[PDB]
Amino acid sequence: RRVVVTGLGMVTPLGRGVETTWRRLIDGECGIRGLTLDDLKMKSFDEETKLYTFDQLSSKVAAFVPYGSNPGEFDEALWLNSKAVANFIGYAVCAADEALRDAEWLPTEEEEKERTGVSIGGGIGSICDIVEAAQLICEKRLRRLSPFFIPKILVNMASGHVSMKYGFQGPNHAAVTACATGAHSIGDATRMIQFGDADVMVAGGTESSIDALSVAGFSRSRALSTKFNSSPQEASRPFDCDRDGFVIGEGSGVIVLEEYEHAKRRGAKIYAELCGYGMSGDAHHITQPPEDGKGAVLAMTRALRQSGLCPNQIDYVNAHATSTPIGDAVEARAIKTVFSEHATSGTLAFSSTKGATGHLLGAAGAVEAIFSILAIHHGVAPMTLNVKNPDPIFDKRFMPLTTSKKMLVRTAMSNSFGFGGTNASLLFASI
């Protein structure tokens, strides 16, 4: 059975909603800004502690979702109106609602509901809530501990809330694979529709981990940018010689997947087909990828094999490149190994959009799958921001896009690599 995409939904640092997010992306906007004390998410702590904590953060930049009741903004009064709903859950529900309405899939009949599943995973969940609760132990004020604490920190709850809201009784699933979470969640959902576990799946990823401990943690791992704290708009620069770590972002990406015949029967407009779901493991290091990028090569190759397409048949690649010294170079190297001539000649189009959205972690793979689907749908490939001095590996021919260019895009591949060497590559095609 074939699987197509009939609905898109998302909330990102470029805005709430696919239309607004895509328009701003293409036009070259950036959602990164400088951190403030409010961004620590430490409302339960005194100012002295906030000030101290802020100063301990090496990375002071991030990509935030715009809150508000205005158009293009995420309304917390609408999506975060429950004690059991953490931010990552609200982002997921917000995005899923847009996607479902886009696909016009809000069934009332039990049979349709029973054949609809959910697979939206979260990468970390809600460290903020855990820190607040932990503070209760340090200060001996456990009486404040809420019964909704456990429910709101479980990374699988984003999927639970979406199914409960729409009555979806099909597979209630969640894949958690660090920075690849969004990809595997969509991939697993696709495997489920293929096998027959469901006819419709609402899948994607969500992440809301911009806070004191999250920033301190990733900084301690030396994975975040710190060189451009005074110039945030220049912090995320995938493939650029001056990159020094990724910029933490937040948001969610959700798509509606469904069996091909099912979509045609009801006359739904189809964005594209999901033809490849390549998975692999680096089996190398907990945080660093192999110099040869074998894992990345495997993921992309497996996705190709599954689609029955040759390397030269791929028009666009949305690179994972998070603006990391080693990471970005390894992927560029893997792209050369996989597409060889097709890439070295300049025929292949590829870019990273994290320069604009930042690294959405658990949601990165979902949002980027949406961008890949949209490139095919609109025949426009997004630019890579801040590539002032291309990495030595690139040249006059093999070079990432630095401007959003019009072009026919019948096939698009999106890569996602997370900590622990977990790799996934999603391949989409027009149908």
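Numbers follow the displayed sequence, beginning with 1.
Student: What stretch has the higher average Cα B-factor here, 343-351 or 299-307?
Tutor: Higher mean C-alpha B-factor in the PDB entry: 343-351.
Student: Higher average CA B factor in the deposited record is what I'm after, so tell me if that's 388-396 or 42-50.
Tutor: Stretch with the greater average CA B-factor: 388-396.
Student: Out of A356, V85, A99, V317, whose C-alpha atom has the biggest B factor in the entry?
Tutor: Largest recorded C-alpha B-factor: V85.
Student: Among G278, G245, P151, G90, which residue carries the highest C-alpha B-factor recorded in the PDB entry?
Tutor: Comparing C-alpha B-factors across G278, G245, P151, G90, the top value belongs to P151.
Student: Sorting by Cα B-factor within the chain, modelled residues only, which third would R16 end up in: lowest, middle or highest?
Tutor: Bottom third by C-alpha B-factor.
Student: By the recorded C-alpha temperature factor, relative to the other modelled residues in its chain, which third is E368 in?
Tutor: Bottom third by C-alpha B-factor.
Student: Could you look up the Cα B-factor of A375 in the entry and say which third of the chain it sits in: lowest, middle or highest?
Tutor: CA B-factor rank for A375: lowest third.
Student: Rank-wise, by C-alpha B-factor, drop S58 into the lowest, middle or highest third of its chain.
Tutor: It falls in the middle third of the chain.
Student: For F218, return the chain-relative third of its C-alpha B-factor as stated in the PDB record: lowest, middle or highest.
Tutor: It falls in the middle third of the chain.
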